[PDB]
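Here, each number is a calculation from the coordinates, and none is a lab measurement. In this analysis, Cβ positions are derived from the backbone assuming ideal geometry, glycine residues included, and neighbour counts consider all displayed protein chains.
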Amino acid sequence: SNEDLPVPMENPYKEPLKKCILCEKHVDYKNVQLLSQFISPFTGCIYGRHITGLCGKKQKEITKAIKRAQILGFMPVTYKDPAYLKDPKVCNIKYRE
Amino acid sequence: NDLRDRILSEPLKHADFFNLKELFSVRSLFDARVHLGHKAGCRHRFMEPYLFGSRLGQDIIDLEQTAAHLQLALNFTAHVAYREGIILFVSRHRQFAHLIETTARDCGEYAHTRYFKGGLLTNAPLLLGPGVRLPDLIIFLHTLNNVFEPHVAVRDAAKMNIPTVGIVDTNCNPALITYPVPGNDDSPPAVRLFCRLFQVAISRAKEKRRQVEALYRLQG
Amino acid sequence: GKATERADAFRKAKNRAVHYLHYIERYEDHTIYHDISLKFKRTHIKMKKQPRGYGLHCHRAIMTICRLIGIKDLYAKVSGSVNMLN
Amino acid sequence: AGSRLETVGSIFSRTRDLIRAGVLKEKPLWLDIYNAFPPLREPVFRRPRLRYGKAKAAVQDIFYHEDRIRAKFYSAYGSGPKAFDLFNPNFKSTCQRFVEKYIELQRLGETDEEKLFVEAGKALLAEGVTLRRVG
Amino acid sequence: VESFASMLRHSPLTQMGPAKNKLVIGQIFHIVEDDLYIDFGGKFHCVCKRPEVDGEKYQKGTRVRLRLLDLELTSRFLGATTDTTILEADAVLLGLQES
RNA sequence: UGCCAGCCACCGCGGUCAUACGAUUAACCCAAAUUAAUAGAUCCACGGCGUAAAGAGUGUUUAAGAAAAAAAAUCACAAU
Ligand SMILES: [Mg+2]
Ligand SMILES: [Mg+2]
Ligand SMILES: [Mg+2]
Ligand SMILES: [Mg+2]
Ligand SMILES: [Mg+2]
Ligand SMILES: [Mg+2]
Ligand SMILES: [Mg+2]
Ligand SMILES: [Mg+2]
Ligand SMILES: [Mg+2]
Ligand SMILES: [Zn+2]
């Protein structure tokens, strides 16, 4: 009959889960701009999760979309298309020090 | 000689004989933060019966049980003091080292706060001397050594048939400890509290023994 | 106990033995209380509790130890490794 | 002499038994004291196995309905203006005031969250506390 | 008489909820050169560095305002059965007890 | 005597100080028997299978068995 005992509820305080920059966006091979964000400008490599910072789901979607674009002839393979050089830089890599 | 048996037998027949009930309370303990433990990631398996629960990752010791136990430890400590026996405060924690050495010297009891030499309890006659008395009771204010394993003296006091009081925090292993009192060993008001309590219990017992001795002397 | 000289190890193991003593509860001070089976490492001992007259039928080491304990009537079969310390 | 097996029993057990066998010819002090007021659990050695499989501990997490409220408070207004004093045993925080007001307006029977919350904010502004909120 | 549960439920440490980003009051009980050992009343002291502005105003006994991050700094590391305690708390020293 | 001559069920013994060969002295043990050889009696796993002998390269069904209390068939990604 002790009213001061704890109640077995779920944690009220619990924070929301952090989200990939793209959670519920749509990655489409047709826009080379979004894709070309996750490429190295000099090489054309695709960046890793530990650079892009994506839900495994999106890193995968991004990779597949990239390769698709590259072969359907939307996006260049060996270098990031110079037009998109000055777009926003999402990735964590620093070349020039 | 018969009445010496009287002076040893008499105090065993009352529960409270040194009246230590009145030195603390559940509220007393609570304000000294005693109810606070480590994170649940550090929780030692054998401690779970003493946990009132876990609040947002912190383990909250159950004070009802801390009181229950502490009453018993103090009682035991006192009766050993009354019976003129050696008490050894042991902690290897360097904050309270000075505090404890002080406390002990004030009760007329002994402290080992320093590095515990290997065979101190098991091989006594080599370390200390040709024939020696060994502590009759050992109090641990922290059951751990600065490398976070159990303090040797626990295993070796057990090994030596010496009863052991000790404050076992949430990540300690209580198993080999004769009268454990679950509670917080890390925070200053807690350690200061436990020191003060064991101090008072000892002093009270030694007094009661002096007075009852005096009475026995006037009896004849 | 262990030493370069045999004499020395004898002394050492005696004096050390007296420090680890067990108390063995004896039923009516001759047998054990009830049947025992234990697997210690690779050794299986199996003992059975006898009546008053049936003396000490055991591996010779166990008979030695029993005579030291005071267990006068017993049956034990050891299987697996007969290694003495185990 | 005595028994140095730490693992076999309690010190009580080994001591009493070694006396029983007539090996140990003098009773030790702490023994009589022990018998008189024995500890809650027998101090027998035990090995701390790591849990496995589906097994987990029994420890209950500590929550109260007030928490369910406090979360909305902190999400809205962050920690309060008054800071915290964990030394003062009776100290009440801004969050706790908000709690009590919310509980009182719960007793008037308003089952809507919005009403309760906002009107408790108003009931607090009444007393002179500033809720600066957060975006 | 107050049941332990009753006490725990109303205590300021239960009132706080999660200890991340909480403004708290704490008091300096020890000093080594730039290191202030601050007891904010929870379990473990924290330790902060003496700021550049009004450096000499911080003395043993002083009171200061803290932003609590973590109540105890603890983590599990690769290959360990239990977590490792730093035996400290994580805080940011804001200023001193504006009064 | 000296890796010779020889001995042993198994381990092993004999290279100049052999209780192990050969003989002597003493002893031990069986005894109208005592050794040796050969056949029996007894003896293997209700134990095991990561590293020791052993989980058979894979799946499905047949035969044969188990069902012994509570539920389930199903969604990013490089099957073919
Ligand atoms: Mg601790
Ligand atoms: Mg021959
Ligand atoms: Mg010769
Ligand atoms: Mg022979
Ligand atoms: Mg011969
Ligand atoms: Mg014949
Ligand atoms: Mg094999
Ligand atoms: Mg296979
Ligand atoms: Mg093959
Ligand atoms: Zn996502």
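A quick yes/no check of all residues on (1) within 30 Å of B:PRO150 (Cα to Cα); (2) in contact with a strand residue (DSSP E or B) (Cβ under 8 Å, 6 or more places away or on another chain); (3) touching a residue at least 24 places away in the same chain (Cβ under 8 Å); (4) surrounded by fewer than 19 Cβ atoms within 10 Å (Cβ to Cβ):
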site	(1), (2), (3), (4)
D:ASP32	yes, no, no, yes
D:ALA57	yes, no, no, yes
D:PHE73	no, no, yes, no
D:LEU86	no, yes, no, no
D:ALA126	no, no, no, yes
D:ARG133	no, no, yes, yes
Answer with yes or no whether A:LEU54 is buried (at least 16 other Cβ atoms within 10 Å of the Cβ), within 14 Å of RNA strand F (Cβ to nearest atom) and touching a residue at least 12 places away in the same chain (Cβ under 8 Å).
yes
Go through the range A:5-46 residue by residue and tally those that are more than 14 Å from every other protein chain (Cβ to nearest Cβ) and in contact with a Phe, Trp or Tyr (Cβ under 8 Å, 6 or more places away or on another chain).
15
For the range D:1-111, which fully contained helices (runs of 4 or more DSSP H) count at least 1 residues that are within 14 Å of chain E (Cβ to nearest Cβ), of a type in the set (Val, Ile, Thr) and within 30 Å of D:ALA126 (Cα to Cα)?
D:65-77, D:94-106
Before we move on, is E:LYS43 surrounded by fewer than 16 Cβ atoms within 10 Å (Cβ to Cβ), in a loop (DSSP other than H, G, I, E, B) and touching a strand residue (DSSP E or B) at 6+ places or on another chain (Cβ under 8 Å)?
no
May I ask you to list the residues in the range B:33-42 that are within 11 Å of ligand 1 (Cβ to nearest atom) and part of a loop (DSSP other than H, G, I, E, B)?
B:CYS42
When the residues of the range C:1-46 are filtered to those that are among the aliphatic types (A, V, I, L, M) and within 14 Å of chain D (Cβ to nearest Cβ), which remaining residue is nearest to D:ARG4 (Cα to Cα)?
C:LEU21
Strands (runs of 3 or more DSSP E) contained entirely in chain C, each with at least 3 residues that are surrounded by fewer than 13 Cβ atoms within 10 Å (Cβ to Cβ)
C:36-40
Within the range A:61-80, does at least one residue satisfy the condition of being of a type outside the set (S, T, N, Q), more than 30 Å from D:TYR74 (Cα to Cα), within 16 Å of ligand 10 (Cβ to nearest atom) and touching a residue at least 60 places away in the same chain (Cβ under 8 Å)?
no
Going by the conditions given, is A:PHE74 touching a strand residue (DSSP E or B) at 6+ places or on another chain (Cβ under 9 Å) and not aliphatic (A, V, I, L, M)?
no
Hey, any hits in the range E:63-75 for a residue that's assigned to a loop (DSSP other than H, G, I, E, B), exposed (fewer than 14 other Cβ atoms within 10 Å of the Cβ) and not charged (D, E, K, R)?
no
Of the residues that sit in the range B:44-101 and are assigned to a helix (DSSP H, G or I) and acidic (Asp, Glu), which one is farthest from the other protein chains (Cβ to nearest Cβ)?
B:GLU101
